[PDB]
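S.K.: Encoded as structure tokens, here's the structure I'll be asking about.
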Amino acid sequence: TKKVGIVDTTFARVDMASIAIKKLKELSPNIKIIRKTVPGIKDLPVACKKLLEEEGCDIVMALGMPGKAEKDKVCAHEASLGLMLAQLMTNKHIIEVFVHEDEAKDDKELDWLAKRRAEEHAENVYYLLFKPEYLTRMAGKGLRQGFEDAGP
Amino acid sequence: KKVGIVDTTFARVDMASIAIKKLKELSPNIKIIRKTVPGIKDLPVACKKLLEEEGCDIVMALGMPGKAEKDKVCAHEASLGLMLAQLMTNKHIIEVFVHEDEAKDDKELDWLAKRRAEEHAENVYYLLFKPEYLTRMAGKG
Amino acid sequence: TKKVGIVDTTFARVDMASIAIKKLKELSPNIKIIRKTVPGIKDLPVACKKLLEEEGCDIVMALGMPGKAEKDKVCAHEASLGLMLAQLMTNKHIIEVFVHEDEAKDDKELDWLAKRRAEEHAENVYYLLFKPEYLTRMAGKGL
Amino acid sequence: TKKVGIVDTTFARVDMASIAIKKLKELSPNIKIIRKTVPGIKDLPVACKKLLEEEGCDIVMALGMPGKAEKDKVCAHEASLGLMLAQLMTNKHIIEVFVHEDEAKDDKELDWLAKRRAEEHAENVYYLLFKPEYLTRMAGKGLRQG
Amino acid sequence: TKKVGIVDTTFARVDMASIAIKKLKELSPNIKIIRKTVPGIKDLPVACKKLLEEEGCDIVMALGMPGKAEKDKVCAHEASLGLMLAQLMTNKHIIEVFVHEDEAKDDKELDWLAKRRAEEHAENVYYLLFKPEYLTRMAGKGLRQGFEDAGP
Ligand SMILES: O=c1[nH]c(=O)c2[nH]c(=O)c(=O)n(C[C@H](O)[C@H](O)[C@H](O)CO)c2[nH]1
Ligand SMILES: O=c1[nH]c(=O)c2[nH]c(=O)c(=O)n(C[C@H](O)[C@H](O)[C@H](O)CO)c2[nH]1
Ligand SMILES: O=c1[nH]c(=O)c2[nH]c(=O)c(=O)n(C[C@H](O)[C@H](O)[C@H](O)CO)c2[nH]1
Ligand SMILES: O=c1[nH]c(=O)c2[nH]c(=O)c(=O)n(C[C@H](O)[C@H](O)[C@H](O)CO)c2[nH]1
Ligand SMILES: O=c1[nH]c(=O)c2[nH]c(=O)c(=O)n(C[C@H](O)[C@H](O)[C@H](O)CO)c2[nH]1
Ligand SMILES: O=c1[nH]c(=O)c2[nH]c(=O)c(=O)n(C[C@H](O)[C@H](O)[C@H](O)CO)c2[nH]1
Ligand SMILES: O=c1[nH]c(=O)c2[nH]c(=O)c(=O)n(C[C@H](O)[C@H](O)[C@H](O)CO)c2[nH]1
Ligand SMILES: O=c1[nH]c(=O)c2[nH]c(=O)c(=O)n(C[C@H](O)[C@H](O)[C@H](O)CO)c2[nH]1
Ligand SMILES: O=c1[nH]c(=O)c2[nH]c(=O)c(=O)n(C[C@H](O)[C@H](O)[C@H](O)CO)c2[nH]1
Ligand SMILES: O=c1[nH]c(=O)c2[nH]c(=O)c(=O)n(C[C@H](O)[C@H](O)[C@H](O)CO)c2[nH]1
């Protein structure tokens, strides 16, 4: 529970890793973090798996941004399937942080949205690592990452 | 016997409480363990860890897909993970998903989700102690 | 000698297992059969796998009925994927017997259709177990 | 010396196996062949895997005919996924030979098309087994049917 | 030291392998490389896996071209899933280089686009093998392989 892996891409149009890392060190100052950047979405799964199995990461955050196009939705889906499988093969959680450009109305909002979502899931990593009990307290409360919570 | 119950913070309805209460009702002594994850896609590995690392004989996965057309994709990916976790452990994972699209309002959504959770809680029971009952109800309707 | 596992559901609106079992015992009275009923479609894969690996079944029949919704089509697809994987992980066949309600024009026909399909695949199980040569003779059907 | 497994179905409306087998024995009268017929598309994966792992096949050909209904497209897709997995689990190639009825304008053409495709992939099996170098020579030359 | 596997197809209407190979040897003269050609898209996964596990490749490039038909889109998707799985099963990266004909307006452009994308991913292979740090420096920059980068 002392090590987190953060995998992002060169394809993404927003730097989500910096915000995540800063949030984790904030909650746990001495936590160990390792980063790895790959070209894009479909390169994340094996990078996340290698970190979990070869670098001793207890958990990993996968940061990606599918483009607007339809086929990008397919690539995302394929990438997400890879993430699901990597987790089942290692029995370790991979927090998926994907932000579709279709969600923002502009680049200012897209940048805001991605960083906010990254940071919020960074708290989820924290809770999963040290306060699993908190999440249960919030069970069924309709929490969201990025835009405002929806609530019960 | 032990049942694992995994739910989420994303869900807008608490389905776990109703399930747990139903199980303890049918079997007062059954041991139950809970684990809450952020959302739908985080359920598979949590269910698997419970089956393999906490001795759960069976697990209930509680989730609530969003309304968007993409949440349908996330749900589908999550369900695939649940299918695989089961095949990899040879243990059942009762999937309890409730799409918001099914209810006409939050009052109905809350009712529907809890009712479905509780009913599948009975299925867990039957699978654990009375597998014969389910056969009696085979293809019934 | 040979054992067949039959897995059905409580969700299905038609009893397809009885017809299948009767057909198998007919073609092979010395056939051993073990049944297991689960709630629905998505619960079939692991039940089929447990039968193949934990109960010594040489082959298994999976009986299910997806509903009409386009969702149900997704659940069916996910269930079928599970069946495909269970087979590859055990190197044993799982004869999938799914009947969508959309295929029948009403209940009478649905009941007929499901039972007829179950029974016909029951023959396929038979052939796969004792007369694999027959199937080859029928390779590529004839229209 | 090498062994090739051929798996087809009773669902298919065209016999694609005969043409393939004849083509292989033609190019390699010494290749070893072993056939297995299953009910349909979704029964091919495990049959192909059993041949690769239990019968010593070096490679396998999967012959199937998806139907016209979109439901048939889903089954095909699921079947193809099984074929992909069987290969990754054995580290052996499975040449997928599927022919959708939607491709022909009639049976006359459907029968021709299926047999032609089966036979052409039968050459691919040959090349993969004995002349892997040939395929490289044809890398990116748009081999399909045009 | 360091071996790159390159797998392409006879189905593809453009030779993407030559450009990739030339780019790698350019960036790493002593880089070792082997090639394997299969019929098409769906034959790539096991070929890539055999190279990673049986020929000692540290990484592999998969070059393919889905055809026009939407049927092709399904085959592509199935092929990509195979690539994702091969990677998770070997803990080695497989750089997917697919080029849909739908992306070009003509063959002149299709040929240009495929070669340019192949070459650019050839640099990604390079970076992944020797300068993983570079990719991190470009994290979130919105880089593309093929058409111009999008940028953050
Ligand atoms: O991060 C990505 N987002 C996308 O929307 C997208 N779309 C595509 O069509 C696409 O090919 N990619 C690239 C992909 O993730 C891989 O980096 C590439 O296949 C090399 O392995 C990406 N990558
Ligand atoms: O709360 C969210 N957390 C996420 O990690 C996440 N990831 C995604 O890829 C994503 O698209 N979303 C948004 C969600 O799908 C919906 O669009 C949103 O809830 C509005 O209906 C979310 N929403
Ligand atoms: O429970 C969820 N239901 C959804 O419909 C949904 N949709 C999304 O697009 C989405 O990203 N999520 C995220 C999920 O809650 C987790 O936070 C995510 O799997 C881990 O990063 C969820 N989560
Ligand atoms: O009876 C049901 N049990 C469930 O677990 C379940 N889960 C779901 O996600 C779900 O959508 N349904 C209902 C489904 O939409 C259909 O109405 C049903 O299959 C046919 O009546 C059901 N229906
Ligand atoms: O047999 C089923 N047929 C269906 O059409 C259908 N549709 C649904 O939306 C659905 O949730 N189910 C149930 C599902 O198969 C599982 O039994 C349920 O999720 C419990 O794990 C079924 N089950
Ligand atoms: O003729 C069939 N035999 C079967 O065993 C079988 N099994 C199935 O699971 C199944 O869905 N079908 C349906 C069939 O393929 C067609 O989609 C249906 O007839 C609609 O035209 C059939 N159809
Ligand atoms: O070869 C097939 N082509 C199809 O289009 C098709 N469609 C269907 O709905 C269908 O059920 N099948 C049969 C399937 O391949 C299996 O044989 C069946 O599920 C059990 O044996 C087939 N089989
Ligand atoms: O050349 C082909 N070889 C095949 O093995 C094959 N298999 C198929 O299932 C199939 O549908 N096709 C044809 C396909 O529809 C396209 O015409 C072809 O990919 C050219 O774009 C082909 N086309
Ligand atoms: O490279 C390919 N691109 C395509 O668009 C395409 N479409 C098809 O319908 C198709 O069957 N193929 C061939 C496929 O990739 C395999 O080579 C073939 O199944 C032999 O195993 C391909 N192959
Ligand atoms: O930049 C890209 N690198 C790739 O490797 C790649 N591969 C593909 O198969 C592919 O379709 N693309 C294009 C992609 O679909 C998008 O159009 C592009 O990312 C624009 O956002 C890309 N785009």
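Labels used: A, B, ... for chains in the order of the structure tokens, numbers from 1 for residues in each chain, and numbers from 1 for ligands as shown.
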Could you pull the residues within 10 Å of residue 73 in chain E, counting only C-alpha atoms, minus those fewer than 5 positions along the same chain, as a ChimeraX atom specification?

M.R.: /A:71,74 /E:66-68,78-79,100

S.K.: Would you save the residues from that selection as an mmCIF file, in the first residue's frame, using C-alpha atoms?

M.R.:
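As written to disk, result.cif reads:
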```cif
data_model
loop_
_atom_site.group_PDB
_atom_site.id
_atom_site.type_symbol
_atom_site.label_atom_id
_atom_site.label_comp_id
_atom_site.auth_asym_id
_atom_site.auth_seq_id
_atom_site.Cartn_x
_atom_site.Cartn_y
_atom_site.Cartn_z
ATOM 1 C CA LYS A 71 -13.487 4.376 -34.055
ATOM 2 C CA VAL A 74 -13.879 1.385 -30.224
ATOM 3 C CA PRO E 66 -8.757 -3.031 -42.350
ATOM 4 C CA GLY E 67 -10.712 -2.866 -45.603
ATOM 5 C CA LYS E 68 -13.583 -0.552 -46.465
ATOM 6 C CA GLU E 78 -11.316 -8.665 -33.167
ATOM 7 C CA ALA E 79 -7.720 -8.451 -34.354
ATOM 8 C CA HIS E 100 -8.198 2.093 -42.421
#
```

S.K.: I'd like the contact shell of residue 112 in chain A - 12 Å cut-off, only C-alpha atoms, skipping same-chain residues fewer than 2 positions apart - returned as a list in words.

M.R.: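 Close residues of residue 112 in chain A: residues 13, 14, 15, 16, 19, 99, 101, 103, 104, 105, 106, 107, 108, 109, 110, 114, 115, 116, 117, 118, 119, 145, 146 and 147 of chain A.
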
S.K.: With N, CA and C atoms retained, could you export that selection as a PDB file, in the first residue's frame?

M.R.:
```pdb
ATOM      1  N   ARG A  13      -4.515  14.995 -24.869  1.00  0.00           N
ATOM      2  CA  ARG A  13      -4.300  16.416 -25.083  1.00  0.00           C
ATOM      3  C   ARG A  13      -4.280  17.200 -23.779  1.00  0.00           C
ATOM      4  N   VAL A  14      -4.339  16.484 -22.667  1.00  0.00           N
ATOM      5  CA  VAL A  14      -4.301  17.107 -21.357  1.00  0.00           C
ATOM      6  C   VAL A  14      -3.431  16.277 -20.416  1.00  0.00           C
ATOM      7  N   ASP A  15      -2.586  16.954 -19.642  1.00  0.00           N
ATOM      8  CA  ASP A  15      -1.701  16.289 -18.677  1.00  0.00           C
ATOM      9  C   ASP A  15      -2.494  16.008 -17.408  1.00  0.00           C
ATOM     10  N   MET A  16      -2.926  14.765 -17.235  1.00  0.00           N
ATOM     11  CA  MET A  16      -3.702  14.389 -16.062  1.00  0.00           C
ATOM     12  C   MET A  16      -2.852  13.828 -14.932  1.00  0.00           C
ATOM     13  N   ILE A  19      -1.586  16.348 -11.790  1.00  0.00           N
ATOM     14  CA  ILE A  19      -2.641  16.611 -10.816  1.00  0.00           C
ATOM     15  C   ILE A  19      -2.891  15.424  -9.883  1.00  0.00           C
ATOM     16  N   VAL A  99     -11.101  10.373 -20.309  1.00  0.00           N
ATOM     17  CA  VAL A  99     -11.849  11.594 -20.540  1.00  0.00           C
ATOM     18  C   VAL A  99     -12.039  11.756 -22.035  1.00  0.00           C
ATOM     19  N   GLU A 101     -13.176  13.692 -25.346  1.00  0.00           N
ATOM     20  CA  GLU A 101     -13.251  15.101 -25.705  1.00  0.00           C
ATOM     21  C   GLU A 101     -14.706  15.532 -25.866  1.00  0.00           C
ATOM     22  N   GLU A 103     -17.051  15.197 -24.014  1.00  0.00           N
ATOM     23  CA  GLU A 103     -17.627  15.633 -22.740  1.00  0.00           C
ATOM     24  C   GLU A 103     -17.506  17.128 -22.493  1.00  0.00           C
ATOM     25  N   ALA A 104     -16.476  17.740 -23.059  1.00  0.00           N
ATOM     26  CA  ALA A 104     -16.261  19.164 -22.884  1.00  0.00           C
ATOM     27  C   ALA A 104     -16.824  19.939 -24.069  1.00  0.00           C
ATOM     28  N   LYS A 105     -17.116  21.217 -23.849  1.00  0.00           N
ATOM     29  CA  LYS A 105     -17.648  22.065 -24.907  1.00  0.00           C
ATOM     30  C   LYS A 105     -16.520  22.877 -25.544  1.00  0.00           C
ATOM     31  N   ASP A 106     -15.337  22.842 -24.924  1.00  0.00           N
ATOM     32  CA  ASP A 106     -14.137  23.547 -25.405  1.00  0.00           C
ATOM     33  C   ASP A 106     -12.858  22.999 -24.752  1.00  0.00           C
ATOM     34  N   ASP A 107     -11.701  23.528 -25.148  1.00  0.00           N
ATOM     35  CA  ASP A 107     -10.438  23.065 -24.593  1.00  0.00           C
ATOM     36  C   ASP A 107     -10.224  23.536 -23.149  1.00  0.00           C
ATOM     37  N   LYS A 108     -10.833  24.663 -22.785  1.00  0.00           N
ATOM     38  CA  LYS A 108     -10.699  25.169 -21.425  1.00  0.00           C
ATOM     39  C   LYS A 108     -11.440  24.232 -20.494  1.00  0.00           C
ATOM     40  N   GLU A 109     -12.636  23.823 -20.910  1.00  0.00           N
ATOM     41  CA  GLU A 109     -13.450  22.913 -20.120  1.00  0.00           C
ATOM     42  C   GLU A 109     -12.866  21.505 -20.124  1.00  0.00           C
ATOM     43  N   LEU A 110     -12.331  21.085 -21.267  1.00  0.00           N
ATOM     44  CA  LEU A 110     -11.747  19.757 -21.373  1.00  0.00           C
ATOM     45  C   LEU A 110     -10.568  19.617 -20.414  1.00  0.00           C
ATOM     46  N   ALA A 114     -10.739  16.994 -17.244  1.00  0.00           N
ATOM     47  CA  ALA A 114      -9.780  15.901 -17.144  1.00  0.00           C
ATOM     48  C   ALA A 114      -8.973  15.953 -15.853  1.00  0.00           C
ATOM     49  N   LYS A 115      -8.462  17.132 -15.518  1.00  0.00           N
ATOM     50  CA  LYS A 115      -7.671  17.295 -14.311  1.00  0.00           C
ATOM     51  C   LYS A 115      -8.513  17.058 -13.054  1.00  0.00           C
ATOM     52  N   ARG A 116      -9.743  17.548 -13.059  1.00  0.00           N
ATOM     53  CA  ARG A 116     -10.663  17.378 -11.922  1.00  0.00           C
ATOM     54  C   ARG A 116     -10.963  15.893 -11.746  1.00  0.00           C
ATOM     55  N   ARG A 117     -11.206  15.202 -12.848  1.00  0.00           N
ATOM     56  CA  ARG A 117     -11.522  13.784 -12.770  1.00  0.00           C
ATOM     57  C   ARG A 117     -10.313  12.984 -12.309  1.00  0.00           C
ATOM     58  N   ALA A 118      -9.141  13.342 -12.814  1.00  0.00           N
ATOM     59  CA  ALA A 118      -7.919  12.670 -12.430  1.00  0.00           C
ATOM     60  C   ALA A 118      -7.709  12.832 -10.938  1.00  0.00           C
ATOM     61  N   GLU A 119      -7.779  14.067 -10.467  1.00  0.00           N
ATOM     62  CA  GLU A 119      -7.584  14.369  -9.052  1.00  0.00           C
ATOM     63  C   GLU A 119      -8.586  13.640  -8.145  1.00  0.00           C
ATOM     64  N   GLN A 145     -16.786  11.655 -10.634  1.00  0.00           N
ATOM     65  CA  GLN A 145     -15.440  12.178 -10.756  1.00  0.00           C
ATOM     66  C   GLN A 145     -15.478  13.067 -12.005  1.00  0.00           C
ATOM     67  N   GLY A 146     -15.122  14.340 -11.832  1.00  0.00           N
ATOM     68  CA  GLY A 146     -15.170  15.295 -12.932  1.00  0.00           C
ATOM     69  C   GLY A 146     -16.282  16.302 -12.667  1.00  0.00           C
ATOM     70  N   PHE A 147     -17.489  16.039 -13.161  1.00  0.00           N
ATOM     71  CA  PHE A 147     -18.608  16.949 -12.923  1.00  0.00           C
ATOM     72  C   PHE A 147     -19.180  16.670 -11.541  1.00  0.00           C
TER      73      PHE A 147
END
```

S.K.: Present chain A as a CSV table (one decimal) with C-alpha atoms, in the first residue's frame, least-squares fitted onto chain E over all of its C-alpha atoms paired in order.

M.R.:
```
chain,number,residue,atom,x,y,z
A,1,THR,CA,16.0,-4.2,-26.0
A,2,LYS,CA,18.2,-5.4,-28.9
A,3,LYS,CA,15.4,-7.2,-30.8
A,4,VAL,CA,12.3,-6.1,-32.6
A,5,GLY,CA,9.7,-8.2,-34.4
A,6,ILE,CA,7.7,-6.8,-37.3
A,7,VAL,CA,4.6,-8.5,-38.5
A,8,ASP,CA,2.7,-7.4,-41.6
A,9,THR,CA,0.1,-8.9,-44.0
A,10,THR,CA,-0.5,-9.8,-47.7
A,11,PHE,CA,-4.0,-8.3,-47.3
A,12,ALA,CA,-2.7,-4.8,-46.7
A,13,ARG,CA,-2.6,-2.6,-49.9
A,14,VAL,CA,0.5,-0.7,-48.6
A,15,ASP,CA,3.9,-1.9,-47.6
A,16,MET,CA,4.3,-0.4,-44.1
A,17,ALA,CA,7.2,-2.7,-42.9
A,18,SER,CA,10.0,-1.3,-45.1
A,19,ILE,CA,9.5,2.2,-43.8
A,20,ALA,CA,9.4,1.0,-40.1
A,21,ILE,CA,12.5,-1.1,-40.4
A,22,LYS,CA,14.5,1.6,-42.1
A,23,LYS,CA,13.5,4.0,-39.3
A,24,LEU,CA,14.6,1.7,-36.6
A,25,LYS,CA,17.9,0.8,-38.1
A,26,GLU,CA,18.4,4.6,-38.6
A,27,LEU,CA,17.9,5.2,-34.8
A,28,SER,CA,19.7,2.0,-33.8
A,29,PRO,CA,21.9,0.7,-36.6
A,30,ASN,CA,22.7,-2.6,-34.9
A,31,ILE,CA,19.3,-3.4,-33.5
A,32,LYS,CA,18.0,-6.9,-34.5
A,33,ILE,CA,14.9,-7.2,-36.6
A,34,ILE,CA,12.8,-10.2,-37.6
A,35,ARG,CA,9.9,-10.1,-40.0
A,36,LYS,CA,6.9,-12.4,-40.5
A,37,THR,CA,4.1,-11.9,-42.9
A,38,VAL,CA,0.7,-13.5,-42.5
A,39,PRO,CA,-2.4,-13.5,-44.7
A,40,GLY,CA,-4.3,-10.8,-42.8
A,41,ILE,CA,-5.4,-8.8,-39.8
A,42,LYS,CA,-6.8,-11.8,-37.8
A,43,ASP,CA,-3.6,-13.8,-38.3
A,44,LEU,CA,-1.4,-11.1,-36.6
A,45,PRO,CA,-2.0,-11.9,-32.8
A,46,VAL,CA,-0.5,-15.4,-32.7
A,47,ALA,CA,2.3,-14.4,-35.0
A,48,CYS,CA,3.2,-11.4,-32.8
A,49,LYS,CA,2.9,-13.7,-29.7
A,50,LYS,CA,5.2,-16.4,-31.2
A,51,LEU,CA,7.8,-13.7,-32.0
A,52,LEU,CA,7.7,-12.3,-28.5
A,53,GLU,CA,7.9,-15.8,-26.8
A,54,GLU,CA,9.7,-18.0,-29.4
A,55,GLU,CA,12.1,-15.6,-31.1
A,56,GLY,CA,13.2,-13.4,-28.2
A,57,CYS,CA,11.7,-10.2,-29.5
A,58,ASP,CA,11.6,-7.5,-26.8
A,59,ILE,CA,8.8,-5.7,-28.6
A,60,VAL,CA,6.7,-6.2,-31.8
A,61,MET,CA,5.1,-3.9,-34.4
A,62,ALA,CA,1.8,-5.2,-35.9
A,63,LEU,CA,1.0,-3.7,-39.3
A,64,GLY,CA,-2.4,-4.0,-40.8
A,65,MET,CA,-5.0,-2.4,-43.0
A,66,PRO,CA,-8.7,-3.1,-42.5
A,67,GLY,CA,-10.8,-2.8,-45.7
A,68,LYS,CA,-13.5,-0.3,-46.2
A,69,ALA,CA,-16.5,-2.5,-45.4
A,70,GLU,CA,-18.3,-2.6,-42.0
A,71,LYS,CA,-17.5,-6.2,-41.3
A,72,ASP,CA,-13.9,-5.3,-41.8
A,73,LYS,CA,-14.3,-2.9,-38.8
A,74,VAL,CA,-15.4,-6.0,-36.9
A,75,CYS,CA,-12.4,-8.0,-38.0
A,76,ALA,CA,-10.1,-5.2,-37.1
A,77,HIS,CA,-11.7,-4.9,-33.6
A,78,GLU,CA,-11.3,-8.7,-33.2
A,79,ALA,CA,-7.7,-8.5,-34.4
A,80,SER,CA,-7.0,-5.6,-32.0
A,81,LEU,CA,-8.4,-7.6,-29.1
A,82,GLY,CA,-6.0,-10.4,-30.0
A,83,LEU,CA,-3.1,-7.9,-29.9
A,84,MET,CA,-4.2,-6.6,-26.5
A,85,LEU,CA,-4.3,-10.2,-25.1
A,86,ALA,CA,-1.0,-11.3,-26.6
A,87,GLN,CA,0.7,-8.4,-24.8
A,88,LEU,CA,-0.9,-9.1,-21.4
A,89,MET,CA,0.1,-12.8,-21.8
A,90,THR,CA,3.8,-11.9,-22.4
A,91,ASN,CA,4.2,-8.6,-20.5
A,92,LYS,CA,5.6,-7.2,-23.7
A,93,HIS,CA,4.4,-4.3,-25.9
A,94,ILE,CA,2.9,-4.7,-29.3
A,95,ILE,CA,2.7,-1.4,-31.2
A,96,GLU,CA,-0.4,-1.6,-33.3
A,97,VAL,CA,-0.1,0.1,-36.6
A,98,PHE,CA,-3.5,-0.1,-38.4
A,99,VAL,CA,-4.6,2.1,-41.2
A,100,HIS,CA,-8.2,2.1,-42.4
A,101,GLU,CA,-8.7,2.9,-46.1
A,102,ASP,CA,-11.5,5.2,-44.9
A,103,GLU,CA,-8.9,7.6,-43.6
A,104,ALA,CA,-7.5,8.5,-47.0
A,105,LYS,CA,-9.3,10.3,-49.9
A,106,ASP,CA,-7.2,8.3,-52.5
A,107,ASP,CA,-4.5,5.7,-53.0
A,108,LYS,CA,-1.8,8.3,-53.1
A,109,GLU,CA,-2.9,9.7,-49.7
A,110,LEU,CA,-3.5,6.2,-48.3
A,111,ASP,CA,0.1,5.1,-49.2
A,112,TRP,CA,1.5,8.3,-47.7
A,113,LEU,CA,-0.6,8.1,-44.5
A,114,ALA,CA,0.2,4.4,-43.8
A,115,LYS,CA,3.9,4.8,-44.3
A,116,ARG,CA,4.0,8.0,-42.2
A,117,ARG,CA,2.1,6.3,-39.4
A,118,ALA,CA,4.3,3.2,-39.6
A,119,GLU,CA,7.4,5.3,-39.4
A,120,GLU,CA,6.2,7.5,-36.6
A,121,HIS,CA,5.3,4.5,-34.5
A,122,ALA,CA,8.7,3.1,-35.3
A,123,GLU,CA,10.0,6.0,-33.4
A,124,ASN,CA,7.7,5.1,-30.5
A,125,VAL,CA,9.2,1.6,-30.5
A,126,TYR,CA,12.6,3.2,-30.3
A,127,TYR,CA,11.7,5.5,-27.4
A,128,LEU,CA,10.1,2.6,-25.5
A,129,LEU,CA,13.2,0.6,-25.9
A,130,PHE,CA,15.9,3.1,-25.2
A,131,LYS,CA,14.5,6.5,-24.0
A,132,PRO,CA,11.3,5.8,-22.1
A,133,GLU,CA,12.0,9.2,-20.4
A,134,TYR,CA,11.3,11.1,-23.7
A,135,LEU,CA,7.7,9.9,-23.9
A,136,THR,CA,7.1,11.1,-20.3
A,137,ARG,CA,8.4,14.6,-21.4
A,138,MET,CA,5.7,14.5,-24.0
A,139,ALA,CA,3.0,13.2,-21.7
A,140,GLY,CA,-0.3,14.9,-22.5
A,141,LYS,CA,1.0,16.8,-25.5
A,142,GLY,CA,-1.5,15.3,-28.0
A,143,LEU,CA,0.9,13.6,-30.3
A,144,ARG,CA,-0.3,11.7,-33.4
A,145,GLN,CA,1.0,9.1,-35.8
A,146,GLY,CA,0.1,9.7,-39.5
A,147,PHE,CA,-1.6,13.2,-39.7
A,148,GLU,CA,-0.2,16.3,-37.9
A,149,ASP,CA,-0.1,16.3,-34.1
A,150,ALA,CA,-3.1,17.8,-32.4
A,151,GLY,CA,-1.1,19.2,-29.5
A,152,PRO,CA,-2.4,20.1,-26.0
```

S.K.: Looking only at the backbone, which of the residues in chain D does DSSP tag as strand (DSSP E), as a ChimeraX atom specification?

M.R.: /D:3-9,32-38,59-64,94-98

S.K.: Could I get the residue neighbourhood of ligand 5 at 6 Å, counting only C-alpha atoms and all ligand atoms, as a PyMOL selection string?

M.R.: (chain B and resi 94-96) or (chain C and resi 11-12+39-43+64-67+71-72+75)

S.K.: Around ligand 7, which protein and nucleic acid residues have at least one atom no more than 8 Å from it, if we count only C-alpha atoms and all ligand atoms? List them as an MDAnalysis selection string.

M.R.: (chainID C and resid 94:98 121 124) or (chainID D and resid 9:12 38:44 64:69 71:73 75:76 79)

S.K.: Going by DSSP on the backbone, which residues of chain C come out as alpha helix (DSSP H)? List them as JSON, numbers by chain.

M.R.: {"C": [17, 18, 19, 20, 21, 22, 23, 24, 25, 26, 27, 44, 45, 46, 47, 48, 49, 50, 51, 52, 53, 54, 70, 71, 72, 73, 74, 75, 76, 77, 78, 79, 80, 81, 82, 83, 84, 85, 86, 87, 88, 89, 90, 107, 108, 109, 110, 111, 112, 113, 114, 115, 116, 117, 118, 119, 120, 121, 122, 123, 124, 125, 126, 127, 128, 129, 130, 132, 133, 134, 135, 136, 137]}

S.K.: Could you check how far CA of residue 28 in chain C sits from CA of residue 48 in chain C, in Å to one decimal?

M.R.: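 Going from CA of residue 28 in chain C over to CA of residue 48 in chain C, I get 21.4 Å.
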
S.K.: Contacts of range 54-58 of chain D at 9 Å or less, counting only C-alpha atoms, minus same-chain residues fewer than 4 places along, as a PyMOL selection string?

M.R.: chain D and resi 2-5+32-34+49-50+92-93+129

S.K.: Write the residues you've just listed into a file as a tab-separated table (two decimals), in the first residue's frame, and include N, CA and C atoms for each of them.

M.R.:
```tsv
chain	number	residue	atom	x	y	z
D	2	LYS	N	4.21	-32.40	-41.67
D	2	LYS	CA	3.36	-31.50	-40.92
D	2	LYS	C	1.94	-32.03	-40.93
D	3	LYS	N	1.15	-31.58	-39.96
D	3	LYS	CA	-0.23	-32.02	-39.83
D	3	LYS	C	-1.15	-30.80	-39.85
D	4	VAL	N	-2.27	-30.94	-40.55
D	4	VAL	CA	-3.24	-29.86	-40.67
D	4	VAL	C	-4.63	-30.35	-40.27
D	5	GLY	N	-5.25	-29.61	-39.36
D	5	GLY	CA	-6.58	-29.97	-38.91
D	5	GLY	C	-7.61	-29.13	-39.64
D	32	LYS	N	-0.34	-34.27	-43.50
D	32	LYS	CA	-1.27	-35.13	-42.78
D	32	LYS	C	-2.53	-34.32	-42.52
D	33	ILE	N	-3.69	-34.88	-42.79
D	33	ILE	CA	-4.94	-34.18	-42.57
D	33	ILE	C	-5.79	-34.94	-41.58
D	34	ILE	N	-6.62	-34.19	-40.84
D	34	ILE	CA	-7.56	-34.74	-39.87
D	34	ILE	C	-8.76	-33.77	-39.77
D	49	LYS	N	-9.13	-26.03	-30.99
D	49	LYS	CA	-8.14	-26.12	-29.91
D	49	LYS	C	-7.77	-27.58	-29.58
D	50	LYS	N	-8.77	-28.46	-29.53
D	50	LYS	CA	-8.52	-29.86	-29.22
D	50	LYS	C	-7.63	-30.49	-30.30
D	92	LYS	N	-0.41	-21.43	-32.00
D	92	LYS	CA	-0.54	-22.03	-33.32
D	92	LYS	C	-1.64	-21.29	-34.09
D	93	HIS	N	-1.43	-21.13	-35.38
D	93	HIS	CA	-2.35	-20.42	-36.26
D	93	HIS	C	-3.61	-21.23	-36.57
D	129	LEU	N	3.21	-23.07	-43.59
D	129	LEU	CA	3.90	-24.30	-43.20
D	129	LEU	C	5.26	-24.55	-43.86
```

S.K.: Give the answer as one residue: which of C:133, C:103, C:53, C:123 has the shortest atom-to-atom distance to ligand 6, using only C-alpha atoms and all ligand atoms?

M.R.: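 Between C:133, C:103, C:53, C:123, the residue approaching ligand 6 most closely is C:103.
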
S.K.: Could you give me, as a PyMOL selection string, the residues within 12 Å of residue 49 in chain B, counting only C-alpha atoms and dropping anything in the same chain fewer than 4 positions from it?

M.R.: (chain A and resi 87-93) or (chain B and resi 4-6+33-35+42-45+53-59+82+85-86+88-89+91)
